[PDB]
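K.L.:
Quick one: structure below, then a few questions.
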Amino acid sequence: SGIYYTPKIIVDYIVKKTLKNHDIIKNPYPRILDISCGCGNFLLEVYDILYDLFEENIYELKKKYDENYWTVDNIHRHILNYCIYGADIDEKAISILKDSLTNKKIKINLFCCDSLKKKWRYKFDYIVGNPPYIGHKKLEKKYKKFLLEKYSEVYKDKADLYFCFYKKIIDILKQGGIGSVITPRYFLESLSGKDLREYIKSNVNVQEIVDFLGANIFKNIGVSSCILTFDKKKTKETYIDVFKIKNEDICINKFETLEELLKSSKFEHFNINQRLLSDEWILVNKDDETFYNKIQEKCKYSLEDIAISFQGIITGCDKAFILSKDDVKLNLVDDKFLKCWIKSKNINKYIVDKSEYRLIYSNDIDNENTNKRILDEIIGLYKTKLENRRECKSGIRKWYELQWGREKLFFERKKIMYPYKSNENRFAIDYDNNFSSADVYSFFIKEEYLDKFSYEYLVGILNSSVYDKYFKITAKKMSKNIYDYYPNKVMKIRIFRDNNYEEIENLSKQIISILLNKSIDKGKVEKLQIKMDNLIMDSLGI
DNA sequence: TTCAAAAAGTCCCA
DNA sequence: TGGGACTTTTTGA
Ligand SMILES: OC[C@H]1O[C@@H](n2cnc3c(NCc4ccccc4)ncnc32)[C@H](O)[C@@H]1O
Ligand SMILES: [K+]
Ligand SMILES: [K+]
């Protein structure tokens, strides 16, 4: 496949947003383009809107211009000759769209091509549509070479194709033109989006951002969506209207139009000064802005200053190396090769569940002839798969070695761990030398900062409600009740030390002591957490 | 030599 | 089919 249907409410909102206040009398030849038209979800609606626009002013146009040209009977043809433009890579979609535009009642400006390679011969008044989203794993590598060569200002490292579509749209937009598109929301906060953000802020005035957060706009699609509207007008003041959803549980058809949704109690509205955006786009209301600025100002250190961070093991084929601790095959493996192994769901606040899995740290198997039983009966079962790994085909790793085995000495110590995707802050102290995959991240404290910061104090403040809200201010929202907890944002969290250090650390130690008992009652832990939150709010003056 | 980012997620049930 | 639990390894740098 490859063609995705956009909900009609979204299409109507986008077309109306671009064409609401067009002066058809002053310009009866607007050029309106969709470079991912597909079957023409947007373009057919553009035809309807334009037909009403032209018919409403047919006699005014007849008087101001050639009176024989401007007839209702001539509207259709005119629309299809000078106004509607579409491009797509699929021949069948273009043929279907051409048939529909013909049946609305002549040369139709429909192109079957790759929009990122087409030499565009003129700019456009209005651009709308839904571009393709393809990530770094699902993109062919020759095409990635092309993108890296030609779209270097926005496409780099782990970036996405729709970054290039943003750049192309911006480049072929007329002065005073208006663009409105629906894309994934991740570029707003992702590390890969940085350059793209810089390209937008520097080249268009951003009118409006609609952030649906984790709501499901596309049925049976695992993606989170936003709508962006921007222009190239001579702007005096550059202020952005931000509509952020307040309940991800909504159904999009709650009203006849998206405008009713935006103005209702289901959304929140606020304004952001485009001139005040840094390389990061902190899009929050004034209360959250004050909260964030207080926290940033009062804190002297960051986690990056005082800690060393790392990503977990990447075996390359988990079924070959990970076994249940009760699996009989572990009798074939010397215990010097076995490590405790945990998943992201084993990380609670302040402590980790006990391990249920073992990792065969196969890097320390010297010769294949020694311990050949392990290679024959456990790892070799997936040998074919293991040989398709990149470092095996290139020869850097033997077929039975872990793909990215990291350094054991970093794991086999006291450290703090957190899951890579979570609904809330879950920072735990690891006491058991646990190993994990890339779905859990770790850090430990630098030696020179041990006397300023203990592990108990850090898990105490990082697990608080204050720091939950503070981290989620700028965190990358992925899907319903899921944020990314990656070092590129976690290590930028700022921390403090003051008169309340000792009581916070003591409360943290009490919480840890309760959580490790045979008969845990979480209630006193909740009360202690409330008291610690009061201490933190006192320290930060919020 | 070897790090860390990346949801048109994935999979399964009522 | 829609909603909830949970999260691998490929890949550029
Ligand atoms: O998904 C939304 C619609 O977008 C279309 N579309 C996807 N990639 C496109 C492209 N260049 C990118 C490209 C990437 C790899 C190979 C060729 C082209 N140029 C034009 N249209 C493209 C799909 O057919 C859908 O109808
Ligand atoms: K006339
Ligand atoms: K979603």
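A note on labels: chains of the structure tokens are A, B, ... as shown, every chain counts residues from 1, and ligands are counted from 1 in their shown order.
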Skipping near chain neighbours, those fewer than 4 positions away, what residues fall within 12 Å of range 2-6 of chain B using only C-alpha atoms (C1' of nucleotides), listed as a ChimeraX atom specification?
P.N.:
/A:134-138,156-160,186-187,190-193,309-314,391,396,403-407,420,438-439,441,478,484-489 /C:8-13
K.L.:
Could you list, as a list in words, all the residues within 10 Å of ligand 3, counting only C-alpha atoms (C1' of nucleotides) and all ligand atoms?
P.N.:
residues 184, 212, 213, 214, 215, 216, 217, 218, 219, 220, 221, 222, 223, 224, 225, 248, 477, 478, 479, 480, 481 and 482 of chain A; 7 and 9 of chain B
K.L.:
10 Å from ligand 1 is the threshold here; counting only C-alpha atoms (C1' of nucleotides) and all ligand atoms, which polymer residues fall inside it? Answer as number ranges by chain.
P.N.:
A: 1-6, 34-40, 86-94, 111-118, 129-134, 138-140, 142-144, 147, 161-162, 164-165; B: 8
K.L.:
With N, CA and C atoms (P, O5', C5', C4', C3', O3' and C1' of nucleotides) kept, could you save the residues just selected as a CSV table (one decimal), in the first residue's frame?
P.N.:
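As written to disk, selection07.csv reads:
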```csv
chain,number,residue,atom,x,y,z
A,1,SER,N,0.8,-1.2,0.0
A,1,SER,CA,0.0,0.0,0.0
A,1,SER,C,0.9,1.3,0.0
A,2,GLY,N,0.4,2.3,0.7
A,2,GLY,CA,1.2,3.5,0.8
A,2,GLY,C,0.3,4.8,0.7
A,3,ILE,N,-1.0,4.6,0.7
A,3,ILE,CA,-1.9,5.7,0.6
A,3,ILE,C,-2.8,5.7,1.9
A,4,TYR,N,-2.7,6.9,2.6
A,4,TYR,CA,-3.4,7.0,3.9
A,4,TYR,C,-4.5,8.1,3.7
A,5,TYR,N,-5.7,7.7,4.2
A,5,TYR,CA,-6.8,8.6,4.2
A,5,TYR,C,-6.8,9.5,5.4
A,6,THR,N,-6.9,10.9,5.2
A,6,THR,CA,-7.0,11.9,6.2
A,6,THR,C,-8.5,12.1,6.5
A,34,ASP,N,-0.9,20.3,-4.0
A,34,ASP,CA,-0.7,19.2,-3.1
A,34,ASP,C,0.3,18.3,-3.7
A,35,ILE,N,1.4,18.1,-3.0
A,35,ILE,CA,2.5,17.3,-3.6
A,35,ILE,C,2.5,15.9,-3.0
A,36,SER,N,1.4,15.5,-2.3
A,36,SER,CA,1.2,14.1,-1.9
A,36,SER,C,-0.3,13.8,-2.1
A,37,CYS,N,-0.9,14.3,-3.2
A,37,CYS,CA,-2.3,14.3,-3.4
A,37,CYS,C,-3.0,13.0,-3.3
A,38,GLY,N,-2.3,11.9,-3.7
A,38,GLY,CA,-2.9,10.6,-3.6
A,38,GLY,C,-4.1,10.5,-4.5
A,39,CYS,N,-5.2,10.1,-3.8
A,39,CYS,CA,-6.5,10.0,-4.5
A,39,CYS,C,-7.2,11.4,-4.6
A,40,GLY,N,-6.6,12.4,-3.9
A,40,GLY,CA,-7.1,13.8,-4.0
A,40,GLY,C,-8.1,14.1,-2.9
A,86,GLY,N,-1.4,18.9,-8.5
A,86,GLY,CA,-1.2,17.8,-7.7
A,86,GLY,C,-0.1,16.9,-8.2
A,87,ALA,N,0.7,16.3,-7.3
A,87,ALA,CA,1.8,15.5,-7.6
A,87,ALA,C,1.8,14.2,-6.7
A,88,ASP,N,2.0,13.1,-7.3
A,88,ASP,CA,2.1,11.8,-6.5
A,88,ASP,C,2.9,10.8,-7.3
A,89,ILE,N,3.5,9.8,-6.6
A,89,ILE,CA,4.3,8.8,-7.2
A,89,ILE,C,3.5,7.6,-7.7
A,90,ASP,N,2.2,7.5,-7.4
A,90,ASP,CA,1.4,6.4,-7.7
A,90,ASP,C,0.6,6.7,-9.0
A,91,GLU,N,0.7,5.9,-10.0
A,91,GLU,CA,0.0,6.1,-11.3
A,91,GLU,C,-1.5,5.9,-11.1
A,92,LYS,N,-1.9,4.9,-10.4
A,92,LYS,CA,-3.3,4.6,-10.2
A,92,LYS,C,-4.0,5.7,-9.5
A,93,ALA,N,-3.4,6.2,-8.4
A,93,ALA,CA,-4.0,7.3,-7.6
A,93,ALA,C,-4.2,8.6,-8.5
A,94,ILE,N,-3.2,8.9,-9.4
A,94,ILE,CA,-3.3,10.0,-10.3
A,94,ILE,C,-4.4,9.8,-11.3
A,111,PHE,N,0.7,15.5,-11.9
A,111,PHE,CA,2.1,14.9,-12.2
A,111,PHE,C,2.2,13.6,-11.5
A,112,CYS,N,2.8,12.6,-12.2
A,112,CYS,CA,3.2,11.4,-11.6
A,112,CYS,C,4.7,11.4,-11.5
A,113,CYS,N,5.3,11.7,-10.3
A,113,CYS,CA,6.7,11.9,-10.2
A,113,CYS,C,7.1,11.8,-8.7
A,114,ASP,N,8.4,11.9,-8.4
A,114,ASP,CA,8.9,12.1,-7.1
A,114,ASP,C,9.0,13.6,-6.8
A,115,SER,N,8.2,14.0,-5.9
A,115,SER,CA,8.1,15.5,-5.6
A,115,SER,C,9.4,16.0,-5.1
A,116,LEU,N,10.3,15.2,-4.5
A,116,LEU,CA,11.6,15.7,-4.0
A,116,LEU,C,12.6,15.8,-5.1
A,117,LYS,N,12.4,15.2,-6.3
A,117,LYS,CA,13.3,15.4,-7.4
A,117,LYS,C,12.8,16.2,-8.6
A,118,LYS,N,11.5,16.4,-8.6
A,118,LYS,CA,10.9,17.2,-9.7
A,118,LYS,C,11.4,18.6,-9.7
A,129,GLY,N,-1.7,19.5,2.3
A,129,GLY,CA,-1.7,18.1,2.1
A,129,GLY,C,-1.1,17.4,3.3
A,130,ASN,N,-0.9,16.0,3.1
A,130,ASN,CA,-0.4,15.1,4.1
A,130,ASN,C,0.8,14.4,3.4
A,131,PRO,N,2.0,14.7,3.8
A,131,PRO,CA,3.2,14.1,3.1
A,131,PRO,C,3.4,12.7,3.7
A,132,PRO,N,4.3,12.0,3.0
A,132,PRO,CA,4.7,10.7,3.5
A,132,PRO,C,5.6,10.7,4.7
A,133,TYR,N,5.4,9.9,5.7
A,133,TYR,CA,6.3,9.7,6.8
A,133,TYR,C,7.1,8.4,6.7
A,134,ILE,N,8.4,8.5,6.5
A,134,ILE,CA,9.2,7.3,6.5
A,134,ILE,C,10.5,7.6,7.3
A,138,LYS,N,13.1,2.4,7.5
A,138,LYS,CA,12.3,2.0,6.4
A,138,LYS,C,12.6,2.7,5.1
A,139,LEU,N,13.7,3.4,5.0
A,139,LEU,CA,14.0,4.2,3.9
A,139,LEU,C,15.2,3.5,3.1
A,140,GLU,N,15.1,3.3,1.8
A,140,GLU,CA,16.1,2.6,1.1
A,140,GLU,C,17.4,3.5,1.1
A,142,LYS,N,20.1,4.0,-0.9
A,142,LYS,CA,20.4,4.9,-2.0
A,142,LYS,C,19.6,6.2,-2.0
A,143,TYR,N,18.3,6.1,-1.7
A,143,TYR,CA,17.5,7.3,-1.6
A,143,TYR,C,18.0,8.1,-0.4
A,144,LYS,N,18.4,7.5,0.7
A,144,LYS,CA,19.0,8.2,1.8
A,144,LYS,C,20.3,8.9,1.4
A,147,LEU,N,19.1,12.0,-0.3
A,147,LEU,CA,18.6,13.0,0.6
A,147,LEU,C,19.7,13.7,1.4
A,161,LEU,N,11.8,11.7,6.3
A,161,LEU,CA,11.5,12.2,4.9
A,161,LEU,C,10.6,13.4,4.9
A,162,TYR,N,9.6,13.5,5.9
A,162,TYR,CA,8.7,14.6,5.9
A,162,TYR,C,9.5,15.9,6.3
A,164,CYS,N,12.2,16.7,4.6
A,164,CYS,CA,12.5,17.1,3.3
A,164,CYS,C,11.2,17.7,2.6
A,165,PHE,N,10.1,17.1,2.9
A,165,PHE,CA,8.8,17.6,2.4
A,165,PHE,C,8.5,19.0,2.9
B,8,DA,P,7.5,4.9,12.4
B,8,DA,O5',6.0,5.5,12.3
B,8,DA,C5',5.4,5.8,11.0
B,8,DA,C4',4.0,5.6,11.0
B,8,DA,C3',3.5,4.3,10.4
B,8,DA,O3',2.4,3.8,11.2
B,8,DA,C1',2.4,6.1,9.3
```
K.L.:
Please, which residues have at least one atom within 9 Å of an atom of ligand 2, using only C-alpha atoms (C1' of nucleotides) and all ligand atoms, listed as an MDAnalysis selection string?
P.N.:
chainID A and resid 60:68
K.L.:
Could you check the closest approach to chain C for each of A:536, A:261, A:148, A:173 and tell me which residue wins, using only C-alpha atoms (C1' of nucleotides)?
P.N.:
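Closest to chain C, using only C-alpha atoms (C1' of nucleotides): A:148.
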K.L.:
Run DSSP on the backbone and give me the residues of range 299-488 of chain A it puts in alpha helix (DSSP H), as a PyMOL selection string.
P.N.:
chain A and resi 303-306+318-321+372-374+383-387+390-393+408-411+455-462+465-474+487-488
K.L.:
If you keep C-alpha atoms, can you produce a file of those selected residues as an mmCIF file, in the first residue's frame?
P.N.:
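So the final result, stored in result39.cif, reads:
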```cif
data_model
loop_
_atom_site.group_PDB
_atom_site.id
_atom_site.type_symbol
_atom_site.label_atom_id
_atom_site.label_comp_id
_atom_site.auth_asym_id
_atom_site.auth_seq_id
_atom_site.Cartn_x
_atom_site.Cartn_y
_atom_site.Cartn_z
ATOM 1 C CA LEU A 303 22.761 15.785 35.326
ATOM 2 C CA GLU A 304 25.314 15.933 32.503
ATOM 3 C CA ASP A 305 27.631 17.965 34.748
ATOM 4 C CA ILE A 306 27.638 15.427 37.582
ATOM 5 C CA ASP A 318 17.544 -11.192 21.628
ATOM 6 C CA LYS A 319 16.146 -14.721 21.195
ATOM 7 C CA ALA A 320 19.680 -16.068 20.690
ATOM 8 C CA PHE A 321 21.170 -14.618 23.899
ATOM 9 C CA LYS A 372 31.149 -25.527 21.775
ATOM 10 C CA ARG A 373 28.014 -26.910 23.458
ATOM 11 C CA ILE A 374 26.707 -23.374 24.061
ATOM 12 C CA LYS A 383 23.043 -18.437 13.440
ATOM 13 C CA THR A 384 21.588 -17.481 10.048
ATOM 14 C CA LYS A 385 19.859 -14.459 11.567
ATOM 15 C CA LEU A 386 22.989 -13.601 13.547
ATOM 16 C CA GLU A 387 24.995 -13.558 10.321
ATOM 17 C CA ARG A 390 25.969 -5.463 9.928
ATOM 18 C CA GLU A 391 29.129 -6.056 11.961
ATOM 19 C CA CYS A 392 29.022 -9.771 11.101
ATOM 20 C CA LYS A 393 28.843 -9.247 7.333
ATOM 21 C CA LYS A 408 30.760 -4.676 31.626
ATOM 22 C CA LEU A 409 32.419 -2.399 34.187
ATOM 23 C CA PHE A 410 29.815 0.313 33.598
ATOM 24 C CA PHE A 411 26.940 -2.050 34.429
ATOM 25 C CA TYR A 455 22.063 8.419 44.749
ATOM 26 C CA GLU A 456 19.255 8.538 47.319
ATOM 27 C CA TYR A 457 18.864 12.317 46.987
ATOM 28 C CA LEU A 458 18.836 12.098 43.182
ATOM 29 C CA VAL A 459 16.135 9.435 43.016
ATOM 30 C CA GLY A 460 14.214 11.409 45.638
ATOM 31 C CA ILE A 461 14.010 14.594 43.612
ATOM 32 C CA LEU A 462 13.845 12.968 40.151
ATOM 33 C CA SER A 465 5.791 15.417 41.000
ATOM 34 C CA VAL A 466 7.744 18.661 40.570
ATOM 35 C CA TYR A 467 10.285 16.925 38.357
ATOM 36 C CA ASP A 468 7.629 14.872 36.560
ATOM 37 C CA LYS A 469 5.932 18.079 35.389
ATOM 38 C CA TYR A 470 9.286 19.790 34.808
ATOM 39 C CA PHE A 471 10.612 17.013 32.568
ATOM 40 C CA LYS A 472 7.337 16.676 30.669
ATOM 41 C CA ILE A 473 7.436 20.409 29.841
ATOM 42 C CA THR A 474 10.052 19.749 27.126
ATOM 43 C CA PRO A 487 19.648 10.878 27.563
ATOM 44 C CA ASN A 488 19.492 13.710 25.007
#
```
K.L.:
Report the distance between CA of residue 302 in chain A and CA of residue 448 in chain A in Å, rounded to one decimal place.
P.N.:
14.4 Å
K.L.:
Select, from A:323, A:182, A:504, A:520, the residue with the minimum atom-to-atom distance to chain B, counting only C-alpha atoms (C1' of nucleotides).
P.N.:
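Ranked by minimum distance to chain B, first place goes to A:182.
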K.L.:
Based on DSSP run over this structure's backbone, return all residues of range 329-390 of chain A in strand (DSSP E), as a list in words.
P.N.:
residues 338, 339, 340, 341, 342, 357, 358, 359 and 360 of chain A
K.L.:
Expressed in Å to a single decimal, how great is the separation between CA of residue 271 in chain A and CA of residue 240 in chain A?
P.N.:
5.5 Å
K.L.:
Report, in Å with one decimal, the straight-line distance from CA of residue 241 in chain A to CA of residue 211 in chain A.
P.N.:
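Those two atoms sit 11.0 Å apart.
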K.L.:
Return the single residue from A:295, A:379, A:352, A:440 that is closest to chain C, with distances computed using only C-alpha atoms (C1' of nucleotides).
P.N.:
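For chain C, the nearest of the given residues is A:440.
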K.L.:
May I have the residues within 10 Å of residue 199 in chain A as JSON, numbers by chain, using only C-alpha atoms (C1' of nucleotides) and disregarding those fewer than 2 positions away in the same chain?
P.N.:
{"A": [153, 154, 163, 166, 167, 170, 193, 194, 195, 196, 197, 201, 202, 203, 204]}
K.L.:
Taking only C-alpha atoms (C1' of nucleotides) into account, name the residue in A:253, A:41, A:344, A:433 that is nearest to chain C.
P.N.:
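Using only C-alpha atoms (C1' of nucleotides), chain C sits closest to A:344.
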